[PDB]
Amino acid sequence: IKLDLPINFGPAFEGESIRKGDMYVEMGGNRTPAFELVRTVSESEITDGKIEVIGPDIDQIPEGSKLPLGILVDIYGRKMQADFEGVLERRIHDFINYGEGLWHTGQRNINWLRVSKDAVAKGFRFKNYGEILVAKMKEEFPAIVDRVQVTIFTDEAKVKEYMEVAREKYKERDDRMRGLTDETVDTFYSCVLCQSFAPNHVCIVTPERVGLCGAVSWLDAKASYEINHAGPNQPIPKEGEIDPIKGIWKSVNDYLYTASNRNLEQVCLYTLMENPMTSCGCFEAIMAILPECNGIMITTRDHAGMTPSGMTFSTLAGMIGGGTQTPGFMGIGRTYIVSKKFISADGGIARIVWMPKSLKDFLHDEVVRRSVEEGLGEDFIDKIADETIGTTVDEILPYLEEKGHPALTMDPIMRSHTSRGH
Ligand code: SF4
Ligand SMILES: [S]
Ligand SMILES: [Zn+2]
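Using the deposited numbering, the first residue of the sequence shown is number 316, and each one after it goes up by one.
What follows is the structure in structure tokens.
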């Protein structure tokens, strides 16, 4: 339908970024609680086109301030399913990034948004989030979406409340993923949704490796392909298995070559050290090699602090970004860290020597579960250094020594390291 924003809106603005100095509001990114959700609802419980804002609006908050956020998108459609919810929810990301002076990254309840001083000057107000979502949902998913309603929560209480509604739907999606492993499926999925940001980037999504945005599970990719054969996701048959440990299939290599416009020739699903997966612009975390540690550090998009690699998330994002292949450096989704297949060819989670404490917190129970499953002890999470120990190799290494971090005494990871050239 019709969309009449006071701000430009379209593909050309998607890659915009908004510096703190230009920011009018910010919500999410661990600065305030924030979530987004897409729900199948029945038709009698939905008003098509209705957008409400519950809580303070853009003109009722100091400039440069923070706000908690709940984006709730109720969909009704004759053909609509629960299985599809994760597919539409992903699109909230570019839908918003199309608006000039609107910025969004992350997923679920670690999403992050900013609105620019200019967008506000021009007229933007929270209602417009709703208008964009209503228009675009309808436009992109014609066969699936008959009716759309949007609620934008900015009241502290209501976000806390609807967070639970979301948490519940989230857990429910993850349950569908429980049974499925890489060995026990015969199809993987390619994703190219982000080639607007990196023209040659392709994600290869398997049941044990979520998309680097952490918002496209194997099931999501599958659902997407069923929703639209000409869509951003394609099926890749597992065939021509070259290396079971590294994770190289002749057929994955084949579809990767085509999808990356003859740019990438091989990818290894289970290693960081040779033909690793490339990155677009929305990865949640970056893994970087730490040669002196015989290990790997991780830092996250929303973590501003120094890291023992000597650079911050941004500076790291700088090198690994753009669909180029970078041995020793990889962009990943948060929950990948706790996959069984997490860099399994390099010794798995045992290699992680440093992480932001927030990440540890977010993944706590899984880390502990996986720890036990590889005989690293339940106390393994506490042997991984974080910023409260130090940000430099000089600080963290004696800690690793003292705590007896397993990485220190494994095989030289650096021998694993195949250059990208020749
Ligand atoms: S990060 Fe990867 S899986 Fe997620 S939307 Fe992008 S290309 Fe797809
Ligand atoms: S991206
Ligand atoms: Zn992306």
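We put the beta carbon where it would ideally sit given N, CA and C, even for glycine.
Identify which residue in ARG493, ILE699, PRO371, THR466 has its Cα closest to the Cα of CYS608. Walking along the sequence shown from the start, residue 608 turns up at place 293. It is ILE699 whose Cα lies nearest to the Cα of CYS608.
Could you check whether the Cβ of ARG405 sits closer than 7 Å to any heavy atom belonging to ligand 1? Counting from 1 along the sequence shown, the entry for residue 405 is found at position 90. Answer for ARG405: yes, Cβ within range of ligand 1.
Could you tell me which of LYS484, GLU716, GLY562, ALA458 sits nearest to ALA660, measuring between CA atoms? Reading the sequence shown from its first residue, position 345 is the one you call residue 660. Of the candidates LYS484, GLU716, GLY562, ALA458, the one whose C-alpha sits nearest the C-alpha of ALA660 is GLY562.
Would you report the Cα separation of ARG730 and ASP558, rounded to the nearest angstrom? On the sequence shown, residue 730 is found 415 positions in, with the first residue counted as 1. On the sequence shown, residue 558 is found 243 positions in, with the first residue counted as 1. Straight-line Cα distance between these residues: approximately 18 Å.
Taking one C-beta from the region 534-552 and one from the region 494-513 each time, how about it: are there three or more such pairs within less than 8 Å? Taking 8 Å as the limit for Cβ pairs, the verdict is that the region 494-513 does touch the region 534-552.
Measuring from the CB of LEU527, is there a heavy atom of ligand 1 at a distance below 7 Å? The count along the sequence shown starts at 1 and reaches residue 527 at position 212. It does: the Cβ of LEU527 is within 7 Å (strictly closer) of some heavy atom of ligand 1.
Look up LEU320 in the DSSP assignment and say whether it is helix, strand or coil. The count along the sequence shown starts at 1 and reaches residue 320 at position 5. For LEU320, the three-state secondary structure derived from DSSP is coil.
Measuring from the CB of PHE512, is there a heavy atom of ligand 2 at a distance below 7 Å? Within the sequence shown, residue 512 is the residue found at index 197, counting from 1. Yes - ligand 2 has a heavy atom lying nearer than 7 Å to the Cβ of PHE512.
Is the beta carbon of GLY648 sitting closer than 8 Å to the one on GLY494? What you label residue 648 is simply residue 333 of the sequence shown in a count that begins at 1. What you label residue 494 is simply residue 179 of the sequence shown in a count that begins at 1. Not closer than 8 Å, so no.
Any residue with its C-beta under 5 Å from a non-hydrogen atom of ligand 3 counts. Can you list them all in chain order? Cβ-based neighbours of ligand 3 within the cut-off: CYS509, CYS595, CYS597.
Out of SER431, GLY610, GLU580, which has the shortest C-alpha to C-alpha gap to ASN323? Walking along the sequence shown from the start, residue 323 turns up at place 8. Minimum Cα-Cα distance from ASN323 among the listed residues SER431, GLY610, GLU580 corresponds to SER431.
Between which two residues does the beta strand (DSSP E) containing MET338 stretch? In the sequence shown, residue 338 corresponds to position 23, counting from 1. 338-343 is the extent of the beta strand (DSSP E) around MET338.
Given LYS565, which residues of its chain have a CB within under 7 Å of its CB, disregarding the five upstream and five downstream residues? Position 250 of the sequence shown, counted from the start, is the residue given in the question as residue 565. Only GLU554, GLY555, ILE557 meet the Cβ criterion.
Residues in the same chain with beta-carbon distance under 8 Å from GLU689, minus the five sequence neighbours each way, listed in chain order, please. Here residue 689 corresponds to residue number 374 of the sequence shown, with the count starting at 1. Setting aside the 5 residues that flank it on each side, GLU689 is surrounded in the same chain by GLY663, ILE664, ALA665, each with a C-beta closer than 8 Å to its C-beta; the list follows chain order.
With hydrogens ignored, establish whether the beta-carbon of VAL683 is closer than 7 Å to any heavy atom of ligand 1. For the purposes of this step, residue 683 is taken as residue 368 along the sequence shown, with counting starting at 1. Every heavy atom of ligand 1 is 7 Å or more from the Cβ of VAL683, so no.
Which first and last residues belong to the alpha helix (DSSP H) in which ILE652 is found? On the sequence shown, residue 652 is found 337 positions in, with the first residue counted as 1. Counting along the chain, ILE652 falls outside any alpha helix (DSSP H), and DSSP gives it neither H nor E.
Beta-carbon spacing of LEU417, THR466 below 8 Å: Reading the sequence shown from its first residue, position 102 is the one you call residue 417. Reading the sequence shown from its first residue, position 151 is the one you call residue 466. Going by C-beta atoms, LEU417 is not nearer than 8 Å to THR466.
Say whether the region 680-696 touches the region 600-618, bearing in mind that this needs 3 or more beta-carbon pairs closer than 8 Å, one atom from each stretch. Touching, no, given that fewer than three Cβ pairs across the two stretches are closer than 8 Å.
Would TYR444 pass as a contact of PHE328 if the rule is Cβ separation under 8 Å? As a working mapping, residue 444 is identified with position 129 in the sequence shown. As a working mapping, residue 328 is identified with position 13 in the sequence shown. The answer is no: Cβ separation not under 8 Å.
Is the beta carbon of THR355 within less than 7 Å of some heavy atom of ligand 5? Because ligand 5 does not appear in the structure shown, any question about it cannot be addressed here, the ligands present being ligand 1, ligand 2 and ligand 3.
Proximity to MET602 [Cα-Cα], best of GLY692, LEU631, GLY620: Counting from one through the sequence shown, the residue named residue 602 turns up at place 287. In terms of CA proximity to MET602, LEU631 leads the group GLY692, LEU631, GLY620.
Looking at C-beta atoms only, is the number of pairs between the region 357-371 and the region 424-438 that lie closer than 8 Å three or more? Cβ pair count under 8 Å is below three, so no.
Can you look up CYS506 in the DSSP assignment and give me helix, strand or coil? Walking along the sequence shown from the start, residue 506 turns up at place 191. Residue state, collapsed to three classes: strand.
Using alpha carbons as the reference points, say which of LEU508, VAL520, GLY370, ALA530 lies closest to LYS475. Position 160 of the sequence shown, counted from the first residue, corresponds to residue 475. If we check each option's Cα against that of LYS475, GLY370 comes out closest.
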